[PDB]
Structures are given as C-alpha cells and as structure tokens.
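What follows is one chain in structure tokens, specifically the form deposited in one PDB entry.
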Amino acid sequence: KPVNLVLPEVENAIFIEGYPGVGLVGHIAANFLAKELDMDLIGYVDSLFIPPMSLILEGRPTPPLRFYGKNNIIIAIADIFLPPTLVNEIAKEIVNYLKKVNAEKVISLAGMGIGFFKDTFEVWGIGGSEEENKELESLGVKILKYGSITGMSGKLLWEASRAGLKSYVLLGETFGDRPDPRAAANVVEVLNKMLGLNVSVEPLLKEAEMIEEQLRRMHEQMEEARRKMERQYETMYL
C-alpha cells in the first residue's frame, strides 16, 4: 500500500481540509481553526513518496501531512505540494476513512486567484449535490456555476459526494500571488456560520495589518538609508 492513513476513528466527523493552494487561503484558514479550537495532533499521512522531513511546531516534531482534532472536528493540513498521482492515492484513503466513520460533512478550503483591482473579496462555494448548494446559498455564499477545482479539494469534492457524503468546497477570492490572511478570514467566517463555531477572525486581520505595516516600515527604512548614503557620498566627495 503506497499510502497509510494513521488516524483514529471519529464517528460522524466533520472533516475540514486546507492543503496549500493559491494565496495559502485554505491553508491559513485550516491552520487558524486548528489553533483557535486548541486541537491536538491526532494523526498523519505516511508514505515512502512523501519526501523525508519533520516540521517543528512549538518544539514538537510533526510530519508534513497531518490531522488535528477536537471531539468530532478533524482538520487536515499539509506543508508541501504533492504530485498528482499521490494526491489521488491520499484522497482514496481519506474517503475510505470518511465512509468508515459516517462523516457528517467533508469541507475543503481553497483560494481563487482573482486579479488585483477587485473592490471586495468574496467567498464562493460548491456542493456535492443540489442539497449542499442550497445550504451554502442560505449562508449567502455565491455558488460557482462553471469552473474547475484542481488538487485535493477538487478530488475530495467529487469522491466524497460519490460515496454518499455531504461535501463542499469554499473558495476565498484572493490576489493570487501572496499569503492572504484576509481571504482566509472570509473563509473562516463562512465556516463559523456553517458549523456554529464563533471563532473570532480578529487575530487573522491583525496579523495581516502587522505584516503590511512591517513591509511599509522596512521599505521606508531601506529608502531612507540609501538617501542618507547618497547625501553622505556627495558631502564627502563632491
């Protein structure tokens, strides 16, 4: 067997997947939820085809593909992109596990790279069947009419619905070229409504401001430093 899921059964699990993707939208959202709900590391994906590494998080070695849990919610995180065939093999194992445990919901978190000059960033959605499309509509999420969703999200959407599970994908609009905690927040907001979780997305919006403030400040200091050096060169040498 190329891929082994090492993951305890969690009956009627709500499974949320945020693999790396455009904007890191899914990934930031999933990681934020795992943190804010004080989830434990409950399992991981094991395969010879996952390249050798340990991530170190709060001084604990963790594998690159892992599962976090707090009673009934599982969150699936990855820190690497993976080749297509391996993704498919992992998706197979995940869907087997979700059938086994009669998972209540299968939710994939994703990003949609969508220009620069858009006023507000929406969250789009798609459901396994018309029933799930209706649910998403009733949380005021725009349903995606035409498109493609590649990667784990796209495969889970199809595979999980085909196995009779209620499956969804949320796609936060983002620039498409950078980590975007704001778009992740939009997605986490939709997830609050969907699951009644009441997690504040403030720390996420704070994080975004602090990054942008830091960038502005570093650019200021860089340019101020070269202007000082030019003025200094001229007074010394003209």
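The term rigid core refers to the maximal set of C-alpha atoms that superpose within 1.5 Å between the two forms. Note that residue numbering follows the sequence shown and begins at 1.
Enquirer: On mean C-alpha B-factor from the PDB entry, just flag whether 42-50 or 193-201 is the higher one.
Expert: For C-alpha atoms only, the mean B-factor is higher in 193-201.
Enquirer: Averaged over C-alpha atoms, is the B-factor higher for 215-223 or for 5-13 in this PDB entry?
Expert: Higher of the two, by average CA B-factor, is 215-223.
Enquirer: Quiz for you: based on the deposited Cα B-factor, which of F116, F81, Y97, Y168 is highest?
Expert: Largest recorded C-alpha B-factor: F116.
Enquirer: Classify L144 as lowest, middle or highest third according to the C-alpha B-factor given in the PDB entry, relative to its own chain.
Expert: Top third by C-alpha B-factor.
Enquirer: Taking the entry's C-alpha B-factors for this chain, is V22 in the lowest, middle or highest third?
Expert: Lowest third - that is where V22 ends up once the chain's C-alpha B-factors are sorted.
Enquirer: Among the chain's modelled residues, which third holds the C-alpha B-factor of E104?
Expert: Tercile = middle for this residue's CA B-factor.
Enquirer: With respect to C-alpha B-factor, does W158 fall in the lowest, middle or highest third of the chain as deposited?
Expert: Lowest third, going by the recorded CA B-factors of the chain.
Enquirer: Rank-wise, by C-alpha B-factor, drop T85 into the lowest, middle or highest third of its chain.
Expert: It falls in the bottom third of the chain.
The following text describes the form deposited in another entry, which does not appear among the structures shown.
Enquirer: Tell which of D40, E36, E213, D46, after superposing on the rigid core, has its C-alpha displaced by 2 Å or more between this form and the one not shown, please.
Expert: With the rigid core superposed, the residue that stands out is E213.
Enquirer: Aligning on the core only, does the CA of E11 end up 2 angstroms or more away between this form and the one not shown?
Expert: No; that C-alpha moves by less than 2 Å between this form and the one not shown.
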